[PDB]
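As structure tokens, the structure follows; a few thoughts come after it.
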Amino acid sequence: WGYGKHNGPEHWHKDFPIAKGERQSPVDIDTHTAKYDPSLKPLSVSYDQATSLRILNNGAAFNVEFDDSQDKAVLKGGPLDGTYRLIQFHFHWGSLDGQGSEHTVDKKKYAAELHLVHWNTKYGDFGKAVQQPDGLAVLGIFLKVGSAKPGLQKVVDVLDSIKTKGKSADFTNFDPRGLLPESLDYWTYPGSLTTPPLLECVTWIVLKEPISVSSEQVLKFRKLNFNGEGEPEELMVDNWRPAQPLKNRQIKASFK
Ligand SMILES: [Hg+2]
Ligand SMILES: [Zn+2]
């Protein structure tokens, strides 16, 4: 599976029939159809004890991985029951600034999208959590191109050391608080992983406020490779799944 003509999102259903399921992600967020939900509790993003370990090119994106062996960086509140532990973050991005996000907002595509992936600690590990309908919570954050994001630059600067699939580097002492916008206003709906195996285990929390990154920052994302070392070079661009049918879902807003 991949993002090309012969193996991209329109082919995934053959190996992963849940691609045509009832709660697939991403979706278009129709802001006028979403409803404010007073039942939502305040969202709690507690990342001050986060322990990053490594950065990995997995051939689909690059993942910044965390030590999730203790409750050190967690998401709670909002639509969530219980505590969800941060395991990794990654991005999806475009070949041009006009596309790259997975979710869309009134059909608007952003240049990129950040996914902070968390698992529900009552299931003990990530692998058990993805067997559960409420196993995961993904915090999604849009990126637009304008001013640089200072807290992204450490990520940008290490990308040259993980150019190709299967390469990793030490990535300790990175603070993901530097990737968050001012506001935690959000939309939320039930969905799925956006790459194979496309499992329907995710409570999505998508922030309304994008972060701004510079053109030079996103240009460095686009210098990564989908291929392995010594293989013909295929730039890692347009690694996003388009919007999927909303089906029997409602999107709730935390803000009126
Ligand atoms: Hg699941
Ligand atoms: Zn993702």
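In the structure tokens, chains take the letters A, B, ... in the order shown, each chain's residues start at 1, and ligands count up from 1 in the order shown.
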
**Q.** residue 131 in chain A environment, 10 Å, only C-alpha atoms, sequence neighbours closer than 6 positions dropped, as a count of residues only
**A.** 4

(Q) With only C-alpha atoms as the counted atoms, please give the residues lying no more than 7 Å from residue 244 in chain A, apart from itself and same-chain residues fewer than 6 positions off, as a PyMOL selection string. (A) chain A and resi 24-27

Q. If we count only C-alpha atoms, what is near residue 236 in chain A at a cut-off of 9 Å, once residues fewer than 3 positions away on the same chain are taken out, given as a list in words?
A. residues 59, 60, 61, 93, 94, 95, 221, 222, 223, 224, 225, 226, 227 and 239 of chain A

Same residues, C-alpha atoms, output as a compact mmCIF listing (two decimals), in the first residue's frame:
```
# COMPACT_ATOMS: atom_id res chain seq x y z
CA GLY A 59 7.92 4.90 4.51
CA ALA A 60 4.53 6.60 5.01
CA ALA A 61 5.53 9.56 7.22
CA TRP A 93 1.58 16.95 3.81
CA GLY A 94 1.32 17.95 0.16
CA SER A 95 3.48 18.53 -2.85
CA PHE A 221 9.26 17.69 4.77
CA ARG A 222 9.01 17.32 1.01
CA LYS A 223 12.72 16.32 0.69
CA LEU A 224 12.06 13.02 2.51
CA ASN A 225 11.73 9.78 0.54
CA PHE A 226 9.10 7.07 0.46
CA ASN A 227 11.73 4.59 -0.78
CA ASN A 239 0.93 11.27 1.91
```

Tell me which protein, DNA and RNA residues are within 10 Å of residue 190 in chain A, counting only C-alpha atoms, leaving out same-chain ones fewer than 3 positions away, and put them as a short mmCIF file (atom, residue, chain, number, x, y, z; two decimals) with C-alpha atoms, in the first residue's frame.
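Done, and the output landed in out-v5.cif:
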```cif
data_model
loop_
_atom_site.label_atom_id
_atom_site.label_comp_id
_atom_site.auth_asym_id
_atom_site.auth_seq_id
_atom_site.Cartn_x
_atom_site.Cartn_y
_atom_site.Cartn_z
CA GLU A 22 -19.11 2.94 8.73
CA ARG A 23 -16.68 5.21 10.56
CA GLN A 24 -13.67 5.93 8.35
CA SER A 25 -11.37 8.94 8.59
CA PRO A 133 -13.89 1.00 19.68
CA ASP A 134 -12.62 3.65 22.14
CA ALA A 137 -7.60 9.41 20.65
CA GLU A 200 -12.14 1.97 13.69
CA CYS A 201 -10.86 2.77 17.12
CA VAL A 202 -10.31 6.52 17.15
CA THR A 203 -11.95 9.44 18.90
CA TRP A 204 -10.82 12.33 16.72
CA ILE A 205 -10.24 15.73 18.25
CA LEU A 246 -19.49 10.81 7.03
CA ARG A 249 -22.05 10.42 12.21
CA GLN A 250 -22.38 13.84 13.82
CA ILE A 251 -19.49 16.20 14.39
#
```

Q: State, in Å with one decimal place, the distance from CA of residue 2 in chain A to CA of residue 116 in chain A.
A: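 Going from CA of residue 2 in chain A over to CA of residue 116 in chain A covers 21.1 Å.
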
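The spacing separating CA of residue 29 in chain A from CA of residue 105 in chain A amounts to 4.8 Å.
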
Once you count only C-alpha atoms and all ligand atoms, what closest atom pair and distance in Å to one decimal does each residue of chain A within 8 Å of ligand 2 have, with rows by chain and rising residue number, as a tab-separated table?
```
residue	atom	partner	partner_atom_place_in_ligand_line	distance
A:90	CA	ligand 2	1 (Zn)	6.3
A:91	CA	ligand 2	1 (Zn)	6.3
A:92	CA	ligand 2	1 (Zn)	6.4
A:102	CA	ligand 2	1 (Zn)	7.9
A:113	CA	ligand 2	1 (Zn)	7.9
A:114	CA	ligand 2	1 (Zn)	7.2
A:115	CA	ligand 2	1 (Zn)	5.2
A:193	CA	ligand 2	1 (Zn)	7.0
A:194	CA	ligand 2	1 (Zn)	5.7
A:195	CA	ligand 2	1 (Zn)	7.0
A:240	CA	ligand 2	1 (Zn)	8.0
```
